[PDB]
Amino acid sequence: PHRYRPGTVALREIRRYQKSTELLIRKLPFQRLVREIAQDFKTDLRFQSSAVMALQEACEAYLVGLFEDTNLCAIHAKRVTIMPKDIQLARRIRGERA
Amino acid sequence: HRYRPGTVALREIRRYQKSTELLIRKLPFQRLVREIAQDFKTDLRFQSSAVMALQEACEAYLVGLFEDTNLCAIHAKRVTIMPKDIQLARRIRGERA
Amino acid sequence: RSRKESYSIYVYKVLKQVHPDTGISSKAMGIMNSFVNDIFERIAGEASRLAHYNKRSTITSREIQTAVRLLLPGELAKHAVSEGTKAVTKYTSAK
Amino acid sequence: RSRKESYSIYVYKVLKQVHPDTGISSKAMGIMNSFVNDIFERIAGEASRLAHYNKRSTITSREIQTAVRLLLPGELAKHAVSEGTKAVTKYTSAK
Amino acid sequence: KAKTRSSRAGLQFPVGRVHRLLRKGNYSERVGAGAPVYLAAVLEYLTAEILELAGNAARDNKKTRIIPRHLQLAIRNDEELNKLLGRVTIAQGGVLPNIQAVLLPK
Amino acid sequence: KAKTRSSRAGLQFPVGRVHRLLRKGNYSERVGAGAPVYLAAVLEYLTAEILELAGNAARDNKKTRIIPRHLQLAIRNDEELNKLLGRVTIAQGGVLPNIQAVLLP
Amino acid sequence: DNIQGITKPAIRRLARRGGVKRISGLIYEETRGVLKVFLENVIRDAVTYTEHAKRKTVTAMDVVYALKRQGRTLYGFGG
Amino acid sequence: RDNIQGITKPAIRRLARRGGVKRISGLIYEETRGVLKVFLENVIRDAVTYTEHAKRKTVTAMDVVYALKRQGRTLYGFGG
DNA sequence: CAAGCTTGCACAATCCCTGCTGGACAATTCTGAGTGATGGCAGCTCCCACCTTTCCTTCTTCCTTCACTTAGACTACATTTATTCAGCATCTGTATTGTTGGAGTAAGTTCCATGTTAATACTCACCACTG
DNA sequence: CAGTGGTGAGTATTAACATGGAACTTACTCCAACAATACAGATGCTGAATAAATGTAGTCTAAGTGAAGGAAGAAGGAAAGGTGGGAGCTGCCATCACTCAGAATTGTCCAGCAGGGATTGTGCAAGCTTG
């Protein structure tokens, strides 16, 4: 039948998700993660729905920007794949450590 | 005799990381500062403390920038730092605005 | 049962002034409120620091002008300064 | 002539309380004046914004406490909160 | 017999509300009379500029309602406005269409 | 009769000066009574920690006097003062002596 | 953990939005760690603001203030 | 006019050594001079703005410190 | 150059959602004493730009010599594309505590102005850490 | 072998403390509307596990080239001075612009009602891609 060459649907997804605006992590697992992280600070802590949505928007935008910097790091090393060391380099040059 | 290429480089690295004085010469930097300033507003006067402060700022900025450039170069599996590494450090760092 | 502050009415008026046929979402009007509030706070805080630096006790339009020159980029700063100066001139010559 | 203002005597005092055999330069003294001024400004601005959020009108010790928690990292925040609580308790108990 | 200061300056932003916000928000213990006029003019100018760019980016995509995506587009595509809002995350706006030419097929 | 608020608080920083600065720094209308005490205690703790670390560094250099370089070593060699002061540049303080592994021969 | 609720396809779609064309298999754990650290910081500061509010429901204002404190100003959630 | 060349190649090498840089290309020096010039442009522009506000002709160290705190690179030891 | 899987492009019909009016009321605006912050002027120090002079610490070429970047070869890992099947997100729905606002009272608390000392900044003189 | 730069008395300044008298911020209930957990069920996108192929990353080897390192000749910068001198910093003197303080009045903002924009699906156009 039909088998697209490796990479072309990657470009298709790139174009789609750079054309879209909606969030890219399912709402409920992120809500669970937020509440789990909050429980380490104070108990019986209730969240506004807008609070969880703001946290999700923030985390998504942060991860997107970090991925763009990681991709520039990977292109620098003449690769096309992103690697954990690329993330580490980006987060060191940005400062997001210590 | 002749030192191998790399021993003098590391000796310089250790020495200049040990010391704390201003690696640029005072007067040429001051002339540069003054020409930039006059390109902003004409016939400004400065303060010796102000030009010294500008030199401290600029050298700290450039030392940090070269540290980031070295990180980029080592990432690209090199030891030679090239302008593309400075450009990558600046772009990731956030100076492309 | 309380009232709430917003810039929505005036943003809408300016939008009708610059694009009389296009409306605006509610999410976008919230965004415009946040943007106006942020820029207001940036400019006011910078002017306050300017006032403390010179040991003055007043934000005049001059501290606002210097804060705009400090905070906005080149052409944006020039146009904003001209807009503000013309607005103040129109304000003064009308009693 | 005029008088200038700094924390030189007090930095000197604390240094003597932690290193009786150690003296301090003058350039380092200016550095520590700048550091103290910067930290004071950070905590004061954070407490101002904290009160302005909660529609209060007073910087109490609680605003400074929350600002010290916000600005400083973990162990520094813990020990700074302990020091502040100790000092305010002694001050109240001596009033 | 009361002409509002917004009209007296020919502005659409509230000069009086801005003056009150300046007085409450304790920036200095005394606030000049040209400060609110100037600040309202500046805020209304910047609002108008972003709204013009967003209206252009909405008419571009065959729409009559500006949404957060259009504000993201109008900001990230302008050099000055993207420099003013470099560290500003806009909700439900996405990113600019951008693919590195290295990753494309030859 | 008169006793300073610093001695009463058991402090070394001036509670009165800090109270004046808060009252004139334009942070709100009213400033509570325990606020300057709390703030001066925090400032004295922070300066005490930096002084401790810098004095240890100066002794490690066999120098009786603290210079900017010692402050730089005290800051950048700690894990939390480095975070609190990561965007701060110390004048004439130099940089920590570090060389990357690969650049070593 | 619930940190695994950020699935592989979610991180892959996020990488897609950022222009990434090919993703190693060890990206996912590292990205989960980065995301958890960022969330830790932001929720720590948000809960701090909530506690100073004498409250126990974390409003969107507390989140926006924590993010602005972190230098990551957010628009569209009031104020 | 054109005093930027006074930032000689040995100066850039010394800065690089303090930054832990082992080998340096010859194309660095131009990029480094451009980077330094733009950084100085920003800082001196803000410092001169501060000086103009105070209706002065001298650019003291206070203006430099304030303008460096604006850019996000606060400096300790010249007051402020 | 034919055949595929993906996307853009055009209609039908909703749904909800941004317009749109309209009473209520807080917040602006007008006006007038009251007043203190801020221009405006003189005068003074003082540090800032300009100039002269050796004395060398740096800079600049220049060769040359080697280590390091880069280009091509080439394998296997390793990511990718599609598939199929549970399975967990989702979307209303509904009750339920609980928690946040909003009023009304009441008093600690802070401001405020005054009088007075005691802490500081600064000024002369003086030796000990630092080259 | 050295000395410029951290430190003792005295002293004028001033601002912090003491102390007593008013507004006023908030704390402290008390109550009463949203509204965020909490199940809970139908449904249905979607992710997770897997096989196949293929196409990148990593390792290698070899030219080549370009950067460092040392050698000598200039060479500007700096370090010490003097010295004019324009500007910042003070203090006095108005004086006018900002602040309360109290009535009118109206701009705006929740709360209810409606036309229309995106929207969601249903089907052509087409269209790049893979062979």
* To do: Given the options C:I43, C:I24, C:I59, state which has the largest fluctuation in a GNM of chain C using a 10 Å cut-off (strictly under) for Cα springs.
  => C:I24
* Debye log10 I(q)/I(0) at q = 0.05, 0.07, 0.09 Å⁻¹ for the protein assembly as shown, Cα point scatterers -> -0.27, -0.55, -0.95
* Asked: Between the helical axis of G:60-69 and the dominant principal axis of chain G, each derived from Cα atoms, what acute angle in degrees is found, rounded to the nearest 10?
  -> 70 degrees
* Would you mind pulling out the separation of the Cα centroids of segment E:1-55 and segment A:1-16, in Å? => 52 Å
* Average other protein chain Cβ within 10 Å of Cβ, residues E:49-62 -> 4
* Where in segment F:63-86 does the amide nitrogen come within less than 11 Å of the point 7 Å from the Cα of D:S25, taken along Cα to Cβ? -> F:65-72
* To do: Tell me the label-point distance for the pair H:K55, F:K62, using the 7 Å Cα-to-Cβ offset, in nm and rounded to one decimal.
  => 5.8 nm
* Asked: Hey, what do the phi angles of segment F:91-96 turn into as Karplus ³J(HN,Hα) couplings, whole Hz, using 6.51/-1.76/1.60 and θ = phi - 60°, x for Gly and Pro?
  -> 6, 6, x, x, 10, 5
* Which of E:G25, E:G93, E:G16 moves most in a GNM of chain E, Cα contacts under 10 Å? -> E:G25
* Structure fact -> The correct pairing of chain C residue and whole-Å distance, for the Cβ nearest the axis that maps C onto D, is C:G45, 4
* Anyone know which of A:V52, A:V80, A:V64 comes out most mobile in the 10 Å Cα GNM of chain A? -> A:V80
* Compare the Cα positions of F:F13, F:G55, F:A74 along the charge dipole of chain F (+1 at Cβ of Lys, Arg; -1 at Cβ of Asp, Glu; about the Cα centre) and return the one farthest towards the positive end. => F:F13
* To do: Sort chain A into rounded, prolate or oblate with this rule: let a ≥ b ≥ c be the square roots of the eigenvalues of the Cα gyration tensor; rounded if a/c is under 1.5, and if a/c is not under 1.5, prolate when a/b is larger than b/c, oblate otherwise.
  => oblate
* Structure fact -> Amide H contacts under 5 Å for H:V59, restricted to residues at least 5 apart in sequence or on another chain and with H modeled in the peptide plane, are B:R45, B:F46, B:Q47
* For E:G32, list long-range residues whose amide hydrogen, built 1.01 Å from N in the peptide plane, is under 5 Å from its own amide hydrogen. => C:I59, C:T60
* Asked: For segment A:42-62 and segment B:37-96, what is the separation of their Cα centres, given in Å?
  -> 38 Å
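Cβ atoms come from the backbone with ideal geometry, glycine included; neighbour counts cover every protein chain shown. Only the coordinates and a few stated rules stand behind these numbers; no lab work does.
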